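So you can see what is in the structure, the chains are spelled out below.
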Amino acid sequence: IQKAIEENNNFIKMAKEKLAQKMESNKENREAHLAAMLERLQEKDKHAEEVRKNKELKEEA
Amino acid sequence: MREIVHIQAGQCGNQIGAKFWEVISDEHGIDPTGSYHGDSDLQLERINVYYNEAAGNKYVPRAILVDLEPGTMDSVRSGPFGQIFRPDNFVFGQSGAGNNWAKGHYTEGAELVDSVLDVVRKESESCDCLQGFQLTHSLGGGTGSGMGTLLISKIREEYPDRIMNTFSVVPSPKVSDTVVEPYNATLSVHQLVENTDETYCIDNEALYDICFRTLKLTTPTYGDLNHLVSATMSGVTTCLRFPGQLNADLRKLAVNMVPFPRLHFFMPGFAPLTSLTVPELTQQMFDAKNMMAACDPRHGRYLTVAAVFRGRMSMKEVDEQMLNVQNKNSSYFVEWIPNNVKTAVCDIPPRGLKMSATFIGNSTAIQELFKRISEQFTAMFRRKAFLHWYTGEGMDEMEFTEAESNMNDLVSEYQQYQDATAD
Amino acid sequence: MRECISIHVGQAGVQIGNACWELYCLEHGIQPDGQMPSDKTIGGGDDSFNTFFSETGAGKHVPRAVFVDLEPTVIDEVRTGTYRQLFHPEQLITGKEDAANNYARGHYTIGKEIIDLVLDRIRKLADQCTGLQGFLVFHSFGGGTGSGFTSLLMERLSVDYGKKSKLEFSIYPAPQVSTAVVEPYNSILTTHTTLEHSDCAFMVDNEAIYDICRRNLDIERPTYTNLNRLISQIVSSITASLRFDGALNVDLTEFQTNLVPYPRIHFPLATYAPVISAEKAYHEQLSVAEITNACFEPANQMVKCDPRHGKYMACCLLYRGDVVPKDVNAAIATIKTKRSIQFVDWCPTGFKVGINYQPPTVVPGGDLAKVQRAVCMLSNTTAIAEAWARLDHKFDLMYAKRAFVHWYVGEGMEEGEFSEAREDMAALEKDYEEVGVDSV
Ligand SMILES: Nc1nc2c(ncn2[C@@H]2O[C@H](COP(=O)(O)OP(=O)(O)OP(=O)(O)O)[C@@H](O)[C@H]2O)c(=O)[nH]1
Ligand SMILES: Nc1nc2c(ncn2[C@@H]2O[C@H](COP(=O)(O)OP(=O)(O)OP(=O)(O)O)[C@@H](O)[C@H]2O)c(=O)[nH]1
Ligand SMILES: COc1cccc(-c2cc(NCc3ccc4[nH]ccc4c3)nc(N)n2)c1
Ligand SMILES: [Ca+2]
Ligand SMILES: [Ca+2]
Ligand SMILES: [Cl-]
Ligand SMILES: [Mg+2]
Ligand SMILES: [Mg+2]
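- This deposited entry lists X-ray crystallography as its structure determination method and 2.68 Å as its resolution.

- As annotated in the PDB entry, chain C carries the name Tubulin alpha-1B chain and comes from Sus scrofa.
- Entered under Cofactor in the UniProt record, the comment concerning chain C runs "Mg(2+)".
- Looking at the Sequence similarities heading of the UniProt record, one finds this comment for chain C: "Belongs to the tubulin family."

- By the naming in the PDB entry, chain A is Stathmin-4, taken from Rattus norvegicus.

### Details of the pattern of salt bridges
Residues and elements named next belong to chain C.
Item 1. Inspection of the entire model under this criterion finds 42 salt bridges over all chains.
Item 2. A salt bridge links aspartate 205 to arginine 390, with the shortest nitrogen-to-oxygen separation between them at 4.0 Å. In this pair, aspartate 205 sits in strand β8 (residues 200-205) while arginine 390 sits in helix α13 (residues 385-399), placing the two residues 185 residues apart along the sequence.
Item 3. By relative accessible area, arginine 390 is classed as partly exposed at 33%.
Item 4. Across the salt bridge formed by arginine 402 and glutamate 415, the nearest N and O atoms sit 2.8 Å from each other. Here the residue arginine 402 occupies a position in the loop between α13 and α14 (405-409), and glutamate 415 occupies one in helix α15 (residues 415-436), the gap between them amounting to 13 residues.

### Here we look at the site of ligand 3
Item 1. B:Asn165, B:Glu198, B:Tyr200, B:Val236 and B:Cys239 are the nearest of the 19 residues found near ligand 3.
Item 2. Two or more chains meet at ligand 3, and those chains are chains B and C.
Item 3. Contact distances for ligand 3 include 3.1 Å between a nitrogen atom and a side-chain N or O atom of B:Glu198.
Item 4. Interatomic distance of 2.8 Å between a side-chain N/O atom of B:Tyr200 and a nitrogen atom of ligand 3.
Item 5. When the free accessible area of ligand 3 is taken as 570 Å², the share hidden by the protein chains comes to 99%.
Item 6. Among the elements of the structure, β7 (163-170), β8 (198-203), α7 (222-241), α8 (250-257) and β10 (302-310) of chain B are those that each provide at least two residues to the shell around ligand 3.
Item 7. Residues belonging to the shell around ligand 3 are distributed by class as follows: 13 nonpolar, five polar and one charged.
Item 8. Lining the shell around ligand 3 are residues from two domains, each supplying at least three of them: domain 1 (1-259) and domain 2 (260-365) of chain B.

### Examining the interface of chain B and chain A
Think of interface size as the accessible area that goes away when the parts come together; that is how it is often given.
Item 1. Contact with chain B, which involves 16 residues of that partner, is made by twelve residues of chain A.
Item 2. Both sides of the chain B and chain A interface together cover about 1,300 Å² of buried area, and 57% of this is carbon and sulfur.
Item 3. Of all residues in chain B, B:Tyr106, B:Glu157 and B:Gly394 give up the largest surface area on contact with chain A, accounting jointly for 38% of the area buried on that side.
Item 4. Counting the contacts that link chain B with chain A gives two salt bridges.
Item 5. Measuring nitrogen to oxygen at the nearest pair gives 3.2 Å for the salt bridge that ties B:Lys154 to A:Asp45.
Item 6. The interface formed by chain B and chain A contains six residue pairs in polar contact.
Item 7. At the level of elements, α3 (101-125), α4 (143-158) and α5 (181-195) of chain B are the ones that each hand at least two residues to the side of chain B that touches chain A.
Item 8. Looking at the side of chain B that touches chain A, the element that brings in the most residues is α4(B), giving four residues.
Item 9. Residues that form the side of chain B that touches chain A fall into these classes: four nonpolar, six polar and six charged.

### What to know about the sheet that holds strand β9 (residues 269-273) of chain C
Residue and element names in this part refer to chain C.
Item 1. Spatial strand order, β9-β12-β10-β11: four strands in an open sheet with mixed pairing. Because the sheet does not close on itself, it has two edges, and the strands there are β9 and β11 (352-356). On average, each strand axis in the sheet is inclined to that of its neighbour by 15°, with strand direction left out of account.
Item 2. Examined bridge by bridge, strand β10 (residues 312-321) and strand β12 (residues 373-381) share nine bridges and lie antiparallel to one another.

### Focus on the sheet that holds strand β6 (residues 129-138) of chain B
All names here are of chain B.
Item 1. The strand order β5-β4-β1-β6-β7-β8-β9-β12-β10-β11 describes an open sheet built from ten strands, whose pairing is mixed. Each having just a single partner strand, β5 (90-92) and β11 (341-346) make up the two edges of the open sheet. On average, each strand axis in the sheet is inclined to that of its neighbour by 20°, with strand direction left out of account.
Item 2. Sheet analysis places strand β4 (residues 63-67) next to β5, joined by three bridges and oriented parallel. Residue pairing for β5: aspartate 67 is matched across the bridge by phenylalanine 92.
Item 3. Across the sheet, α5 is in contact with β7, β8 and β9 (265-271); its angle to β7 comes to roughly 155°.

### Some details on the site of ligand 1
All names here are of chain B.
Item 1. Taken together, 22 residues sit near ligand 1, with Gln11, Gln15, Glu181, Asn204 and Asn226 positioned nearest.
Item 2. Take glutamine 11: an N or O atom from its side chain is 2.7 Å from an oxygen atom of ligand 1.
Item 3. Contact distances for ligand 1 include 2.8 Å between a nitrogen atom and a side-chain N or O atom of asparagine 226.
Item 4. Isolated, ligand 1 exposes 630 Å² of accessible area, and the fraction of that covered by the protein chains is 93%.
Item 5. Contributions of two or more residues to the shell around ligand 1 are made by α1 (10-27), α4 and α7.
Item 6. Residue contributions to the shell around ligand 1 peak at four residues, all from α1.
Item 7. For the shell around ligand 1, the per-class residue count stands at five nonpolar, 14 polar and three charged.

About the cut-offs
- Residues numbered from 1 in each chain as written, not as in the entry; some residues may be left out.
- Chains lettered and ligands numbered in written order.
- Part of a larger assembly, values for the part shown.
- Heavy atoms only, no water.
- Residues with missing side-chain atoms left out of burial classes, pairs and counts.
- UniProt positions renumbered as here; feature names shortened; annotations may be inferred.
- Salt bridge = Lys/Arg side-chain N within 4 Å of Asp/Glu carboxyl O.
- Helix = DSSP H or I, 4+ residues; strand = E, 2+ residues; numbered from the N terminus.
- Buried < 20%, exposed > 50% of the residue type's maximum accessible area, 1.4 Å probe, protein only.
- Near = heavy atom within 4 Å.
- Polar contact = N/O pair within 3.5 Å; in protein donor to acceptor, adjacent residues only side chain to side chain.
- Areas by Shrake-Rupley, 256 points an atom, 1.4 Å probe, with all protein chains shown as cover.
- Nonpolar A, V, L, I, M, F, W, Y, C, P; charged D, E, K, R; others polar.
- Domains from an automatic or database assignment.
- Contact = heavy atoms within 4.5 Å.
- Buried area = accessible area lost by both parts, 1.4 Å probe.
- Pairing = 2+ DSSP bridges.
- Axes fitted to C-alpha atoms, helices over the stretch in contact; angles between N-to-C directions.

Right under this line is the structure:
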């Protein structure tokens, strides 16, 4: 009976951990995807501010 | 509860957008004043998708009207259904863009974009559960092309987890004399390859060939071309606007149609094209002559396809005929995506047609269109023609090279999956 | 005592639950308002039907069920439909945006926001039970919610209710009604994730149900209402042992002992008869022998596969209605002498039989004829692996090109979960092959 309790508890333990593991890795992965998406768009805005600044130097000619 | 926010930018964008709202307003029973005068409650079950319900049982399009020239803003305001749009949702500049992508994307459009995002933001906050955005615009001009892609990038910034789709009118010499359209189109595609989930390629070359050859209309006008566009856009949006037994939202439809993120450029199709039996409609809707993109589907392979039928017909016969076309044309469907053809049926047909069919195809033959644009592009870029218009706004010339290479990459990617095999 | 909690997940689960509980109410004489005039024990009792229904002091009989979906349109039809009064509002749970046929959204992105609420509402039902037996989970393989959220729920139920039993009713995708290219992906992902958490799963192939409706009911193009009403009959026959009692009634658990030799081999094949239209049924009453023979015609199976080209590990017959053992034993004898029924060498060839005397009921205005006797056969045959094989093949075709995989990766999943799940299916297909080999 002690063994039976031991197995039921371990099955619950392994399940609780593996689930928590999966849904921490998934949170990390989705955040890393959107973080890269925004950083790409923010890098676009730099090139946009640079294009505006390059027009401003030649109109001073 | 699944609201869509509509945006129309530029000359072309605002006209085909008006046609869209005219057609679906009639289908939903909405008059130019916003009052419902319908016979069936099915018109209203999904009215919220495109309309806000205001005080007084008035329905107001969830649309914003944008342009860098004020001319079109009055034209829209005076046409049929002019006063039903929210007046403060009209956003204007003074100068214009003169068919220059740089002006719409970097200088003049950037000046006005923030005020546009303000009206977008206030419309979205009043949505019970926003599903995404749709944009109507051309790629050959300056405002719809340049500023349209800029607006998409800014919306993708604030709403990165919402679907962004576009109805993009592709330029053609057969309809426009302006010469720098290949530049604007290539620059627009470079943005659309990255920042859209679905792009319906409405090709003016195909619309002309249809109006001239099939419809027998010598000297076609923009009104003739857009009448085809409104019929297509109405058919494409029928899946969301009417309560079929399809419980699909923009994301679910994109998930079923886009096997790879960059290959989201669709060939629209419509049938019949005249001014009919289910087998004839199905055979016509898969014909190259009925496609809104100047491409032959028999020159490529289908990654995914969606057929929408409208009218009262035998659902058994539709299933049999759809299976017939697949069986008899199995060579033109990739074998590594099983059951890649979807079918929807709406009991409600469009105005003045007992039966119609709308076709949405993700075919590798779309490369023919991009190759055409790439050819016109390189013909000039290797000659450095008219570059002063763009470098005068701050652009470097490799930015043209990057966009060109990205489109040639897109074409080659379509070719890779066209040549791919299962075993 | 020995209560069962039904959980209906996603569109398929909810709509099938609608048909099942509608049928239960008719079989037990429960009205749409929850009143049951024949129950004289007000507000409680230990009757057999109390395993699926609780009682209120006002005399209402409330299903021990929870309906869950990540979008509200389907459960909204329940909240305003004929049986709205049956369920307490807290039993109907809805999100606002669905899983868009994406397992990741149902398991991770969107499921994450509502899982705790669901478990708390399920806990409120369990606390009302004196001797809870287990759970009945209804869901589809193809839907993003039916696959992803169900997996999350099953994982969380194993934690909150240890090894308390959990049974599945799973909708296997069929192209005739499956409107989603990615349903093979979701199917393998969810089968892999729930395998360790399910004690017994009854798979229903929509193509099989589709053909049965077309062939035996002469419905040119069946609808989900046609399919579900038929599915309810199979579900009712399986659960009739728990809701009714008698001297020949065998508990489903006793059948389950025979049907699961190995924990992984817990997918019984269900066959049902008779499915007959009222036009045919007139002046043609079927005998015990006739319906029993139908149980071995593959055209009546819930899953398309060939038992003739596999081996049996168990054969259970659940009769309901006007049936007595004598006629059953006679029919079984004739069938044994005429049909291809080969058992594995390591299990006995006998047939376990149970009988319910309460006759079958049909929904008003349906297509099924009311019959005096019916039977559902539950068999553990290796042939069921054919369903895994077809599904795994479609998975391999798309995954070799990583088609549509970006939709899952975008929601936080890793390619490794795909290959991990596919490998589990490869082992499962190999396990079925192993069990069928002869000993040495
Ligand atoms: N079918 C159709 N095409 C149109 C219509 N109006 C403009 N176009 C297309 O629009 C393209 C040129 O772009 P513009 O009309 O200038 O629109 P835009 O992008 O806003 O450019 P600007 O406003 O001038 O800066 C051409 O290729 C035309 O074919 C129309 O009413 N119908
Ligand atoms: N038998 C049966 N199957 C159904 C029914 N409704 C949907 N399905 C199946 O479900 C799949 C489509 O996915 P859904 O059920 O809509 O997905 P969901 O579980 O509601 O969750 P989502 O992905 O958010 O839509 C298809 O394979 C259908 O065969 C039904 O009423 N009866
Ligand atoms: C750009 O804004 C919008 C607005 C409204 C609708 C759409 C739209 C429609 C559509 N219609 C046919 C279709 C395709 C896949 C399907 N899967 C199951 C049924 C089914 C039906 N397909 C897509 N992809 N988008 C896009
Ligand atoms: Ca013209
Ligand atoms: Ca009682
Ligand atoms: Cl998204
Ligand atoms: Mg203009
Ligand atoms: Mg759903």
